[PDB]
Amino acid sequence: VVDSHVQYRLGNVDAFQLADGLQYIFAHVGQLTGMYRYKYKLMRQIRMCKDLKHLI
Amino acid sequence: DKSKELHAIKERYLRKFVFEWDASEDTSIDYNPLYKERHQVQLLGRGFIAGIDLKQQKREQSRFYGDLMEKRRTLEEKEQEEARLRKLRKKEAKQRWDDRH
Amino acid sequence: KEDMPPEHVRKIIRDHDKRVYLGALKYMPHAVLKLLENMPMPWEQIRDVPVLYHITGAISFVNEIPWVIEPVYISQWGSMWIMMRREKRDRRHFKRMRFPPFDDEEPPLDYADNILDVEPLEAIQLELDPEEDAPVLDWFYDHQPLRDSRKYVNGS
Amino acid sequence: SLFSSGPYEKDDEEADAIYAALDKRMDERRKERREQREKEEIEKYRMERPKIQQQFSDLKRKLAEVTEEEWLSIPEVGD
RNA sequence: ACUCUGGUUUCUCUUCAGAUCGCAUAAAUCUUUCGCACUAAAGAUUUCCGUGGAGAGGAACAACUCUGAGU
């Protein structure tokens, strides 16, 4: 997230592109983060984020 | 449906990290038509749901309130409404005028 | 306990008995939570924030809290949604980042060098027509909209 | 602990004292009520949770009264 | 229309708060529950996420616009 913000502030991508990147780094991020194996309980939060992404 | 309704009446009388919630766990499969196809919340022809596209939401209106508005409004009221609609269309065109490639 | 300029903290970070550093390292998750909470909103381009730079420099925590007026935040979110819908329906050739940053093993970019120099691009600020947005023209966009208006807000 | 207890010093003592004071200050929010409730719960559990040692504690206290002749005349269980 | 204790902002500490302490929402342990528990419910406990109440102390600039009061 911090590096995406830096790239948004380094002129690599547009601000709308930064918002899309944040949306990707939050929703559908269980695959990217891979925190489910570390703590199985987080899968509920991952499913909630997926549902929020679907609604949005 | 009908057989499903009768079966429901009789019934009332008597590891793996799944990422996406499967559609099996969904609800709102109602046999009755009245509780399946219910009239939407048409806010007196002047409102709609949030988030959805305003142009799309207004386009897909039921037109029931619009008919009453066009068959009840006064002639001067009709002229004022036409002027307001013309102003809104001009604003949309100005928005459409700023779009180019 | 007077404050100090951030330049000293940046120099210490770029420059820095392992007792003091190891002892105070026990609060990194709090710093991570503070950094997540104090991330800039889409309406803001650069969001300066106050932090707590440890003497050892092991962890710096953002002392500020993200308190925002509810109607102002709702208006910002609605304007952001409208602008996003417009940009999506217009810029159909949208190339989302949709990838991890290039630093697979690269050293972290120095915020002084590659982040404190380039002027950022314009954020997602919906156009404000003074015909209907006059009462909230200046109050619509800010890190803290009413951080100084005594008449409107409580204060700092 | 991943950090060996060996490499300490007076500065280490000061840093540890400061960190422990900060932790104790940040842990005193509900510390009094939590401690009182936990003590009451332990007292309640003492009614239904006798230690194996506690079990034979009353017998072991009186068992010391056996004299040396009594503690030496104990026959082998084979007879 | 006379006068009068009465300024707000902000920092810190203590203490209390079952009030939707917060128009938000997590974690952990035990317990009961059918398993053979991310994909599950119940009861409790605890720590965070951060508040309101009051008191105490501190530094900035308002001194009576204001209001309550002494006409």
# chains A, B, ... in the order shown; residues from 1 in each chain; ligands from 1
call {"tool": "select_by_dssp", "arguments": {"residues": "chain C", "states": "strand (DSSP E)", "output": "PyMOL selection string"}}
result
chain C and resi 52-53+60-61
call {"tool": "interface_residues", "arguments": {"of": "chain E", "to": "chain C", "cutoff": "12 Å", "atoms": "only C-alpha atoms (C1' of nucleotides)", "output": "list in words"}}
result
residues 8, 9, 10, 11, 12, 23, 48, 49, 50 and 51 of chain E
call {"tool": "write_last_selection", "arguments": {"atoms": "C-alpha atoms (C1' of nucleotides)", "output": "PDB file, in the first residue's frame"}}
result
ATOM      1  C1'   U E   8     -12.199  30.186  24.586  1.00  0.00           C
ATOM      2  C1'   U E   9      -8.266  27.199  22.502  1.00  0.00           C
ATOM      3  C1'   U E  10      -4.725  23.482  23.511  1.00  0.00           C
ATOM      4  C1'   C E  11      -1.333  19.912  26.097  1.00  0.00           C
ATOM      5  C1'   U E  12      -0.820  16.354  30.224  1.00  0.00           C
ATOM      6  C1'   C E  23     -25.634   5.638  14.462  1.00  0.00           C
ATOM      7  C1'   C E  48      -6.627  -3.769  21.840  1.00  0.00           C
ATOM      8  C1'   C E  49      -9.223  -0.165  18.083  1.00  0.00           C
ATOM      9  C1'   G E  50     -11.192   5.711  20.946  1.00  0.00           C
ATOM     10  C1'   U E  51     -14.584   7.984  23.209  1.00  0.00           C
TER      11        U E  51
END
call {"tool": "residues_around", "arguments": {"residues": "stretch 8-12 of chain B", "least_positions_apart": "5", "cutoff": "12 Å", "atoms": "only C-alpha atoms (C1' of nucleotides)", "output": "ChimeraX atom specification"}}
result
/B:1-3,30-32
call {"tool": "closest_atom_pairs", "arguments": {"of": "chain A", "to": "chain C", "cutoff": "9 Å", "atoms": "only C-alpha atoms", "output": "Markdown table"}}
result
| residue | atom | partner | partner_atom | distance |
| --- | --- | --- | --- | --- |
| A:1 | CA | C:36 | CA | 8.6 |
| A:2 | CA | C:39 | CA | 8.7 |
| A:3 | CA | C:101 | CA | 6.6 |
| A:4 | CA | C:101 | CA | 7.0 |
| A:5 | CA | C:40 | CA | 8.7 |
| A:6 | CA | C:115 | CA | 6.6 |
| A:7 | CA | C:101 | CA | 8.4 |
| A:8 | CA | C:120 | CA | 7.3 |
| A:9 | CA | C:120 | CA | 4.9 |
| A:10 | CA | C:115 | CA | 5.8 |
| A:11 | CA | C:120 | CA | 6.1 |
| A:13 | CA | C:97 | CA | 7.8 |
| A:14 | CA | C:121 | CA | 6.7 |
| A:15 | CA | C:123 | CA | 5.2 |
| A:16 | CA | C:124 | CA | 6.6 |
| A:17 | CA | C:96 | CA | 5.6 |
| A:18 | CA | C:97 | CA | 7.8 |
| A:19 | CA | C:42 | CA | 7.0 |
| A:20 | CA | C:96 | CA | 6.2 |
| A:21 | CA | C:97 | CA | 5.6 |
| A:24 | CA | C:98 | CA | 6.6 |
| A:25 | CA | C:98 | CA | 8.2 |
| A:32 | CA | C:100 | CA | 8.4 |
call {"tool": "interface_residues", "arguments": {"of": "chain A", "to": "chain E", "cutoff": "7 Å", "atoms": "only C-alpha atoms (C1' of nucleotides)", "output": "PyMOL selection string"}}
result
chain A and resi 40-44
call {"tool": "select_by_dssp", "arguments": {"residues": "stretch 3-129 of chain C", "states": "alpha helix (DSSP H)", "output": "ChimeraX atom specification"}}
result
/C:6-15,19-24,28-37,70-90
call {"tool": "closest_residue", "arguments": {"among": "D:3, D:9, D:18, D:41", "to": "chain E", "atoms": "only C-alpha atoms (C1' of nucleotides)"}}
result
D:41
call {"tool": "interface_residues", "arguments": {"of": "chain C", "to": "chain D", "cutoff": "8 Å", "atoms": "only C-alpha atoms", "output": "tab-separated table (two decimals) with N, CA and C atoms, in the first residue's frame"}}
result
chain	number	residue	atom	x	y	z
C	17	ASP	N	25.99	-2.23	21.41
C	17	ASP	CA	24.85	-2.09	22.31
C	17	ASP	C	23.55	-1.88	21.54
C	19	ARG	N	20.50	-2.36	22.78
C	19	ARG	CA	19.51	-2.45	23.85
C	19	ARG	C	18.28	-1.58	23.60
C	20	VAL	N	18.49	-0.28	23.36
C	20	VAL	CA	17.37	0.65	23.24
C	20	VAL	C	16.51	0.30	22.02
C	23	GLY	N	14.51	-2.88	22.72
C	23	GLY	CA	13.50	-2.74	23.76
C	23	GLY	C	12.22	-2.09	23.27
C	24	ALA	N	12.35	-1.06	22.43
C	24	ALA	CA	11.18	-0.30	21.97
C	24	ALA	C	10.55	-0.88	20.71
call {"tool": "closest_atom_pairs", "arguments": {"of": "chain C", "to": "chain B", "cutoff": "9 Å", "atoms": "only C-alpha atoms", "output": "CSV"}}
result
residue,atom,partner,partner_atom,distance
C:78,CA,B:51,CA,8.9
C:81,CA,B:51,CA,8.1
C:85,CA,B:53,CA,8.5
C:90,CA,B:99,CA,8.2
call {"tool": "write_last_selection", "arguments": {"atoms": "C-alpha atoms", "output": "mmCIF file, in the first residue's frame"}}
result
data_model
loop_
_atom_site.group_PDB
_atom_site.id
_atom_site.type_symbol
_atom_site.label_atom_id
_atom_site.label_comp_id
_atom_site.auth_asym_id
_atom_site.auth_seq_id
_atom_site.Cartn_x
_atom_site.Cartn_y
_atom_site.Cartn_z
ATOM 1 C CA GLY C 78 -19.958 11.044 -3.396
ATOM 2 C CA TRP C 81 -17.789 8.194 -6.890
ATOM 3 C CA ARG C 85 -17.844 6.836 -12.850
ATOM 4 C CA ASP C 90 -14.726 8.073 -20.575
#
call {"tool": "closest_atom_pairs", "arguments": {"of": "chain E", "to": "chain D", "cutoff": "12 Å", "atoms": "only C-alpha atoms (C1' of nucleotides)", "output": "CSV"}}
result
residue,atom,partner,partner_atom,distance
E:13,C1',D:25,CA,11.8
E:14,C1',D:29,CA,11.8
E:15,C1',D:29,CA,11.1
E:44,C1',D:41,CA,11.8
E:45,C1',D:34,CA,9.3
E:46,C1',D:34,CA,8.0
E:47,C1',D:27,CA,8.8
E:48,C1',D:27,CA,10.3
call {"tool": "closest_atom_pairs", "arguments": {"of": "chain B", "to": "chain A", "cutoff": "10 Å", "atoms": "only C-alpha atoms", "output": "JSON lines"}}
result
{"residue": "B:15", "atom": "CA", "partner": "A:40", "partner_atom": "CA", "distance": 9.6}
{"residue": "B:17", "atom": "CA", "partner": "A:43", "partner_atom": "CA", "distance": 7.4}
{"residue": "B:18", "atom": "CA", "partner": "A:43", "partner_atom": "CA", "distance": 8.2}
{"residue": "B:19", "atom": "CA", "partner": "A:47", "partner_atom": "CA", "distance": 6.4}
{"residue": "B:20", "atom": "CA", "partner": "A:47", "partner_atom": "CA", "distance": 6.5}
{"residue": "B:21", "atom": "CA", "partner": "A:47", "partner_atom": "CA", "distance": 7.1}
{"residue": "B:51", "atom": "CA", "partner": "A:56", "partner_atom": "CA", "distance": 8.4}
{"residue": "B:52", "atom": "CA", "partner": "A:56", "partner_atom": "CA", "distance": 9.9}
call {"tool": "atom_distance", "arguments": {"atom1": "atom CA of residue C:133", "atom2": "atom CA of residue C:145"}}
result
14.9 Å
call {"tool": "atom_distance", "arguments": {"atom1": "atom CA of residue A:26", "atom2": "atom CA of residue C:73"}}
result
19.8 Å
call {"tool": "residues_around", "arguments": {"residues": "residue E:4", "least_positions_apart": "6", "cutoff": "12 Å", "atoms": "only C-alpha atoms (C1' of nucleotides)", "output": "PDB file with C-alpha atoms (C1' of nucleotides), in the first residue's frame"}}
result
ATOM      1  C1'   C E  64     -17.047  41.324  29.153  1.00  0.00           C
ATOM      2  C1'   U E  67     -25.288  35.240  28.734  1.00  0.00           C
ATOM      3  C1'   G E  68     -26.350  34.167  33.921  1.00  0.00           C
ATOM      4  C1'   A E  69     -26.219  37.220  37.882  1.00  0.00           C
ATOM      5  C1'   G E  70     -25.687  42.092  41.391  1.00  0.00           C
ATOM      6  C1'   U E  71     -30.808  46.241  39.025  1.00  0.00           C
TER       7        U E  71
END
call {"tool": "decode", "arguments": {"residues": "stretch 10-46 of chain A", "atoms": "N, CA, C and O atoms", "output": "PDB file, in the first residue's frame"}}
result
ATOM      1  N   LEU A  10       4.868   9.611  -7.174  1.00  0.00           N
ATOM      2  CA  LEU A  10       6.050   9.695  -8.021  1.00  0.00           C
ATOM      3  C   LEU A  10       5.706   9.933  -9.484  1.00  0.00           C
ATOM      4  O   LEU A  10       6.612   9.957 -10.323  1.00  0.00           O
ATOM      5  N   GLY A  11       4.428  10.109  -9.809  1.00  0.00           N
ATOM      6  CA  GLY A  11       4.015  10.314 -11.181  1.00  0.00           C
ATOM      7  C   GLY A  11       4.017   9.074 -12.043  1.00  0.00           C
ATOM      8  O   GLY A  11       3.999   9.197 -13.273  1.00  0.00           O
ATOM      9  N   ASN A  12       4.042   7.884 -11.442  1.00  0.00           N
ATOM     10  CA  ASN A  12       4.028   6.660 -12.236  1.00  0.00           C
ATOM     11  C   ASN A  12       2.641   6.384 -12.804  1.00  0.00           C
ATOM     12  O   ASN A  12       2.513   5.908 -13.938  1.00  0.00           O
ATOM     13  N   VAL A  13       1.591   6.674 -12.033  1.00  0.00           N
ATOM     14  CA  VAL A  13       0.218   6.412 -12.444  1.00  0.00           C
ATOM     15  C   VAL A  13      -0.669   7.566 -11.998  1.00  0.00           C
ATOM     16  O   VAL A  13      -0.326   8.339 -11.101  1.00  0.00           O
ATOM     17  N   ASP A  14      -1.830   7.669 -12.641  1.00  0.00           N
ATOM     18  CA  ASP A  14      -2.777   8.730 -12.339  1.00  0.00           C
ATOM     19  C   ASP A  14      -3.452   8.487 -10.990  1.00  0.00           C
ATOM     20  O   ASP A  14      -3.395   7.393 -10.421  1.00  0.00           O
ATOM     21  N   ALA A  15      -4.091   9.542 -10.477  1.00  0.00           N
ATOM     22  CA  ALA A  15      -4.779   9.439  -9.194  1.00  0.00           C
ATOM     23  C   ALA A  15      -5.939   8.456  -9.263  1.00  0.00           C
ATOM     24  O   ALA A  15      -6.182   7.704  -8.312  1.00  0.00           O
ATOM     25  N   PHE A  16      -6.678   8.455 -10.375  1.00  0.00           N
ATOM     26  CA  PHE A  16      -7.709   7.440 -10.570  1.00  0.00           C
ATOM     27  C   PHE A  16      -7.090   6.051 -10.646  1.00  0.00           C
ATOM     28  O   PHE A  16      -7.646   5.080 -10.114  1.00  0.00           O
ATOM     29  N   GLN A  17      -5.937   5.939 -11.307  1.00  0.00           N
ATOM     30  CA  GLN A  17      -5.209   4.675 -11.310  1.00  0.00           C
ATOM     31  C   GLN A  17      -4.769   4.297  -9.902  1.00  0.00           C
ATOM     32  O   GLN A  17      -4.761   3.116  -9.544  1.00  0.00           O
ATOM     33  N   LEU A  18      -4.405   5.290  -9.086  1.00  0.00           N
ATOM     34  CA  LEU A  18      -4.047   5.011  -7.698  1.00  0.00           C
ATOM     35  C   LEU A  18      -5.244   4.487  -6.913  1.00  0.00           C
ATOM     36  O   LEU A  18      -5.107   3.571  -6.094  1.00  0.00           O
ATOM     37  N   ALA A  19      -6.425   5.065  -7.143  1.00  0.00           N
ATOM     38  CA  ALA A  19      -7.627   4.577  -6.475  1.00  0.00           C
ATOM     39  C   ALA A  19      -7.956   3.155  -6.908  1.00  0.00           C
ATOM     40  O   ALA A  19      -8.335   2.316  -6.082  1.00  0.00           O
ATOM     41  N   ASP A  20      -7.819   2.867  -8.203  1.00  0.00           N
ATOM     42  CA  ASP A  20      -8.029   1.504  -8.685  1.00  0.00           C
ATOM     43  C   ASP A  20      -7.021   0.543  -8.066  1.00  0.00           C
ATOM     44  O   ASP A  20      -7.367  -0.586  -7.697  1.00  0.00           O
ATOM     45  N   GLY A  21      -5.765   0.975  -7.943  1.00  0.00           N
ATOM     46  CA  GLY A  21      -4.757   0.136  -7.318  1.00  0.00           C
ATOM     47  C   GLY A  21      -5.053  -0.137  -5.857  1.00  0.00           C
ATOM     48  O   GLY A  21      -4.841  -1.249  -5.372  1.00  0.00           O
ATOM     49  N   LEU A  22      -5.538   0.874  -5.133  1.00  0.00           N
ATOM     50  CA  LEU A  22      -5.940   0.661  -3.746  1.00  0.00           C
ATOM     51  C   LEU A  22      -7.124  -0.296  -3.658  1.00  0.00           C
ATOM     52  O   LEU A  22      -7.174  -1.161  -2.774  1.00  0.00           O
ATOM     53  N   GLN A  23      -8.088  -0.154  -4.571  1.00  0.00           N
ATOM     54  CA  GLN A  23      -9.222  -1.072  -4.605  1.00  0.00           C
ATOM     55  C   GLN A  23      -8.757  -2.501  -4.856  1.00  0.00           C
ATOM     56  O   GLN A  23      -9.314  -3.454  -4.306  1.00  0.00           O
ATOM     57  N   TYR A  24      -7.730  -2.663  -5.690  1.00  0.00           N
ATOM     58  CA  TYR A  24      -7.193  -3.997  -5.945  1.00  0.00           C
ATOM     59  C   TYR A  24      -6.388  -4.512  -4.754  1.00  0.00           C
ATOM     60  O   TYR A  24      -6.369  -5.719  -4.487  1.00  0.00           O
ATOM     61  N   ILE A  25      -5.696  -3.620  -4.049  1.00  0.00           N
ATOM     62  CA  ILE A  25      -4.818  -3.999  -2.948  1.00  0.00           C
ATOM     63  C   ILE A  25      -5.626  -4.267  -1.686  1.00  0.00           C
ATOM     64  O   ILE A  25      -5.096  -4.795  -0.702  1.00  0.00           O
ATOM     65  N   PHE A  26      -6.903  -3.888  -1.691  1.00  0.00           N
ATOM     66  CA  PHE A  26      -7.794  -4.184  -0.573  1.00  0.00           C
ATOM     67  C   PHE A  26      -8.770  -5.299  -0.933  1.00  0.00           C
ATOM     68  O   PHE A  26      -8.826  -6.316  -0.240  1.00  0.00           O
ATOM     69  N   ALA A  27      -9.540  -5.142  -2.005  1.00  0.00           N
ATOM     70  CA  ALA A  27     -10.430  -6.202  -2.448  1.00  0.00           C
ATOM     71  C   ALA A  27      -9.685  -7.152  -3.375  1.00  0.00           C
ATOM     72  O   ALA A  27      -8.838  -6.729  -4.166  1.00  0.00           O
ATOM     73  N   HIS A  28     -10.011  -8.440  -3.280  1.00  0.00           N
ATOM     74  CA  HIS A  28      -9.288  -9.500  -3.979  1.00  0.00           C
ATOM     75  C   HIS A  28      -7.805  -9.496  -3.630  1.00  0.00           C
ATOM     76  O   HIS A  28      -6.958  -9.759  -4.489  1.00  0.00           O
ATOM     77  N   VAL A  29      -7.483  -9.200  -2.374  1.00  0.00           N
ATOM     78  CA  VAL A  29      -6.100  -9.117  -1.928  1.00  0.00           C
ATOM     79  C   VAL A  29      -5.671 -10.328  -1.113  1.00  0.00           C
ATOM     80  O   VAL A  29      -4.482 -10.431  -0.772  1.00  0.00           O
ATOM     81  N   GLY A  30      -6.589 -11.236  -0.776  1.00  0.00           N
ATOM     82  CA  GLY A  30      -6.185 -12.463  -0.112  1.00  0.00           C
ATOM     83  C   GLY A  30      -5.212 -13.274  -0.943  1.00  0.00           C
ATOM     84  O   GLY A  30      -4.277 -13.876  -0.412  1.00  0.00           O
ATOM     85  N   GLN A  31      -5.425 -13.304  -2.260  1.00  0.00           N
ATOM     86  CA  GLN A  31      -4.456 -13.933  -3.152  1.00  0.00           C
ATOM     87  C   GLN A  31      -3.129 -13.187  -3.129  1.00  0.00           C
ATOM     88  O   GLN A  31      -2.056 -13.802  -3.100  1.00  0.00           O
ATOM     89  N   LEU A  32      -3.180 -11.852  -3.141  1.00  0.00           N
ATOM     90  CA  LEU A  32      -1.951 -11.064  -3.132  1.00  0.00           C
ATOM     91  C   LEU A  32      -1.249 -11.142  -1.782  1.00  0.00           C
ATOM     92  O   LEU A  32      -0.033 -11.356  -1.720  1.00  0.00           O
ATOM     93  N   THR A  33      -1.995 -10.968  -0.689  1.00  0.00           N
ATOM     94  CA  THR A  33      -1.381 -11.001   0.635  1.00  0.00           C
ATOM     95  C   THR A  33      -1.028 -12.424   1.049  1.00  0.00           C
ATOM     96  O   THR A  33       0.054 -12.666   1.599  1.00  0.00           O
ATOM     97  N   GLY A  34      -1.917 -13.377   0.790  1.00  0.00           N
ATOM     98  CA  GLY A  34      -1.690 -14.748   1.220  1.00  0.00           C
ATOM     99  C   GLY A  34      -1.654 -14.915   2.722  1.00  0.00           C
ATOM    100  O   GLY A  34      -0.846 -15.696   3.241  1.00  0.00           O
ATOM    101  N   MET A  35      -2.516 -14.195   3.439  1.00  0.00           N
ATOM    102  CA  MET A  35      -2.570 -14.265   4.892  1.00  0.00           C
ATOM    103  C   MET A  35      -3.531 -15.327   5.412  1.00  0.00           C
ATOM    104  O   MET A  35      -3.594 -15.536   6.628  1.00  0.00           O
ATOM    105  N   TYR A  36      -4.282 -15.990   4.528  1.00  0.00           N
ATOM    106  CA  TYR A  36      -5.244 -16.994   4.976  1.00  0.00           C
ATOM    107  C   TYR A  36      -4.548 -18.171   5.648  1.00  0.00           C
ATOM    108  O   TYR A  36      -5.015 -18.671   6.679  1.00  0.00           O
ATOM    109  N   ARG A  37      -3.433 -18.632   5.077  1.00  0.00           N
ATOM    110  CA  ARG A  37      -2.717 -19.763   5.659  1.00  0.00           C
ATOM    111  C   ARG A  37      -2.143 -19.413   7.026  1.00  0.00           C
ATOM    112  O   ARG A  37      -2.136 -20.248   7.938  1.00  0.00           O
ATOM    113  N   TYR A  38      -1.649 -18.182   7.184  1.00  0.00           N
ATOM    114  CA  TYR A  38      -1.066 -17.773   8.458  1.00  0.00           C
ATOM    115  C   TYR A  38      -2.098 -17.803   9.578  1.00  0.00           C
ATOM    116  O   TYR A  38      -1.800 -18.241  10.695  1.00  0.00           O
ATOM    117  N   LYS A  39      -3.314 -17.341   9.299  1.00  0.00           N
ATOM    118  CA  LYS A  39      -4.404 -17.351  10.271  1.00  0.00           C
ATOM    119  C   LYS A  39      -5.694 -17.625   9.515  1.00  0.00           C
ATOM    120  O   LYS A  39      -6.164 -16.771   8.757  1.00  0.00           O
ATOM    121  N   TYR A  40      -6.262 -18.816   9.719  1.00  0.00           N
ATOM    122  CA  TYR A  40      -7.443 -19.215   8.959  1.00  0.00           C
ATOM    123  C   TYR A  40      -8.632 -18.308   9.250  1.00  0.00           C
ATOM    124  O   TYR A  40      -9.513 -18.138   8.400  1.00  0.00           O
ATOM    125  N   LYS A  41      -8.667 -17.703  10.441  1.00  0.00           N
ATOM    126  CA  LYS A  41      -9.803 -16.869  10.821  1.00  0.00           C
ATOM    127  C   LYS A  41      -9.962 -15.664   9.904  1.00  0.00           C
ATOM    128  O   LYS A  41     -11.069 -15.131   9.766  1.00  0.00           O
ATOM    129  N   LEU A  42      -8.875 -15.221   9.267  1.00  0.00           N
ATOM    130  CA  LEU A  42      -8.945 -14.059   8.388  1.00  0.00           C
ATOM    131  C   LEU A  42      -9.749 -14.333   7.122  1.00  0.00           C
ATOM    132  O   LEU A  42     -10.063 -13.390   6.386  1.00  0.00           O
ATOM    133  N   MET A  43     -10.078 -15.597   6.848  1.00  0.00           N
ATOM    134  CA  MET A  43     -10.842 -15.915   5.646  1.00  0.00           C
ATOM    135  C   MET A  43     -12.232 -15.292   5.693  1.00  0.00           C
ATOM    136  O   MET A  43     -12.805 -14.963   4.649  1.00  0.00           O
ATOM    137  N   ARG A  44     -12.788 -15.115   6.893  1.00  0.00           N
ATOM    138  CA  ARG A  44     -14.062 -14.412   7.017  1.00  0.00           C
ATOM    139  C   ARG A  44     -13.931 -12.966   6.556  1.00  0.00           C
ATOM    140  O   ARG A  44     -14.788 -12.450   5.828  1.00  0.00           O
ATOM    141  N   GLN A  45     -12.851 -12.297   6.967  1.00  0.00           N
ATOM    142  CA  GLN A  45     -12.609 -10.931   6.513  1.00  0.00           C
ATOM    143  C   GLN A  45     -12.370 -10.889   5.010  1.00  0.00           C
ATOM    144  O   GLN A  45     -12.799  -9.948   4.331  1.00  0.00           O
ATOM    145  N   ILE A  46     -11.685 -11.900   4.472  1.00  0.00           N
ATOM    146  CA  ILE A  46     -11.455 -11.957   3.031  1.00  0.00           C
ATOM    147  C   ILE A  46     -12.774 -12.099   2.283  1.00  0.00           C
ATOM    148  O   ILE A  46     -12.996 -11.454   1.253  1.00  0.00           O
TER     149      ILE A  46
END
